[PDB]
Amino acid sequence: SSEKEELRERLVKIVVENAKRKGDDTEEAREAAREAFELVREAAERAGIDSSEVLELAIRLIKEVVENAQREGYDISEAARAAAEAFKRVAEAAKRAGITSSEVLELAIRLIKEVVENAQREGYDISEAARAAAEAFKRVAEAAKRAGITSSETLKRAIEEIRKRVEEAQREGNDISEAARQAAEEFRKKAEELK
């Protein structure tokens, strides 16, 4: 709250400084940061996951995507907005599936960051990559709920397997988004078989 205000101000300063660095419009950037913050905050609140720690992770996601946008030739404001929308999708999936585990949520956010960073390196669209990462989480989460899997270890291991397949695709020069989506479908098949 007083922490939420301070966190928002930290994000605004980050997004604006990055826009200034590359000559993107700073008034647009300030507005984008503010709107990105509110999007994240409201999504987390609705999902019952608005701990300071989850909000910090969401803001770190936005920060890292924005910093890599400055290095890789992406519009700063659009990058911030896309990162925020990706978190919102994670929060929505968590809500729908009843996920509140801090370790699971941290892994889901890390997966988005990794898939988006890869896309930025390669010159691909941020939103498309973020959609693939968030959808992989959604498919896992929904499969776990459907199967009655309550274990945080099982869900962490599912997301780690997605991360492992994404990393392998990076080492080998294969499609990261396809790796993520295939890994999630493999988990879904196993969850359904279980229950």
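Along the sequence shown, residues carry numbers from 1. Heavy-atom basis, side chains included; hydrogens, waters and symmetry copies ignored.
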(message) Taking atom CZ as the centre, does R60 end up with more than 12 heavy-atom neighbours from other residues, nucleotides or ligands that are less than 6.0 angstrom away?
(response) no
(request) Give, for atom CD of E9 and atom CZ of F37, the distance between the pair rounded to the nearest 0.5 Å. (result) 9.5 Å
(message) Using 0.5 Å steps for rounding, measure from the CD atom of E42 to the NZ atom of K88.
(response) 10.0 Å
(request) Identify the two heavy atoms, one from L61 and one from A83, that lie closest to each other, and give their separation to 0.1 Å. (result) CD2-O, 3.7 Å
(request) Answer yes or no: is there an ion pair linking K189 with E193, defined by an N-O contact shorter than 4.0 Å? (result) no
(request) Using a 4.5 Å cut-off on heavy atoms from C-beta on, say whether the side chain of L105 contacts that of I49. (result) yes
(request) Answer yes or no: is there a side-chain heavy-atom contact under 4.5 Å between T154 and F187? (result) yes
(request) Locate the shortest heavy-atom distance separating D125 from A119; write the atom from each residue and the value. (result) O-CB, 4.2 Å
(request) Give a yes or no on whether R96 atom CZ has more than 12 heavy-atom contacts from other residues, nucleotides or ligands under 6.0 Å away. (result) no
(request) Compare every heavy atom of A108 with every heavy atom of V90, then report the nearest pair and how far apart it is. (result) CG1-CB, 4.1 Å
(message) Could you tell me if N18 and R21 have a donor-acceptor pair between their side chains, going purely by distance under 3.5 Å?
(response) no
(request) Would you check if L155 and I149 make a side-chain contact, meaning some heavy-atom pair closer than 4.5 Å? (result) no
(message) Are more than 12 heavy atoms, taken from residues, nucleotides or ligands other than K20, located less than 6.0 Å from that residue's NZ atom?
(response) no
(request) Taking all non-hydrogen atoms of both residues into account, name the closest pair between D25 and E27 and its distance. (result) OD1-N, 3.1 Å
(request) Output yes when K156 and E153 qualify as a salt bridge under the 4.0 Å nitrogen-oxygen rule, no when they do not. (result) yes
(message) Distance check, rounded to the nearest 0.5 Å: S177 atom OG versus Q182 atom CD?
(response) 11.0 Å
(request) Mind checking the CG-CD1 spacing from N174 to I176? Nearest 0.5 Å is all I need. (result) 7.5 Å
(request) Check each of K164, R165, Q170 against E168 using the side-chain hydrogen bond (donor to acceptor under 3.5 Å, both in side chains) test, and report the only one that passes. (result) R165
(request) Inspect the contact between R41 and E38 and indicate whether a charged nitrogen and a carboxylate oxygen are less than 4.0 angstrom apart. (result) yes
(request) Check whether any side-chain heavy atom of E78 lies under 4.5 Å from a side-chain heavy atom of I126, and answer yes or no. (result) no
(message) For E17, is there an ion pair with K13 - N to carboxylate O distance below 4.0 angstrom?
(response) yes
(request) For residues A136 and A180, report the shortest heavy-atom separation together with the two atoms involved. (result) CB-O, 3.8 Å
(request) Report yes if some heavy atom in the side chain of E135 is under 4.5 Å from a heavy atom in the side chain of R181; otherwise report no. (result) yes
(request) Flag the pair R8 and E5 as a salt bridge only when some basic side-chain nitrogen lies within less than 4.0 angstrom of an acidic carboxylate oxygen. (result) no
(message) Let me check something: do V54 and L39 share a hydrophobic cluster, defined by ILVMFWY side-chain heavy atoms less than 4.5 Å apart, either directly or through other members?
(response) no
(request) Find out whether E185 and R188 are in side-chain contact, i.e. whether some heavy atom of one side chain is under 4.5 Å from a heavy atom of the other. (result) yes
(request) Please answer whether the main-chain N or O of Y74 pairs with a side-chain N or O of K22 as donor and acceptor at a distance below 3.5 Å. (result) yes
(request) Considering only NZ, NE, NH1 and NH2 on the basic side and carboxylate oxygens on the acidic side, decide whether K190 and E161 come within less than 4.0 Å. (result) no
(message) If you define the side chain from C-beta out and look only at heavy atoms, does anything of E114 sit under 4.5 Å from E64?
(response) no
(request) State, with a plain yes or no, whether a side-chain heavy atom of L7 is found less than 4.5 Å away from one of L11. (result) no
(message) Pair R121, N118 - check side-chain contact (heavy atoms from CB on, under 4.5 Å), show working.
(response) CA-CA 5 Å; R121 182 174 59 83; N118 183 79; 2.7 Å; yes
(request) Identify the heavy atoms of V115 and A129 that sit nearest to each other, and give their distance. (result) CG1-O, 3.4 Å
(message) Can you tell whether the side chains of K113 and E117 come within less than 4.0 Å, N to carboxylate O?
(response) no
(message) Rounded at 0.5 Å granularity, tell me how far NZ in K95 sits from OG1 in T100.
(response) 13.5 Å
(message) To the closest 0.5 Å, what do you measure between OG (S51) and CG (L57)?
(response) 8.0 Å
(request) Please check if the side chain of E35 supplies one atom and the backbone of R81 the other of a donor-acceptor pair under 3.5 Å. (result) no
(request) Scan side-chain atoms only and decide if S102 and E106 contain a donor-acceptor pair under the 3.5 Å cut-off. (result) no
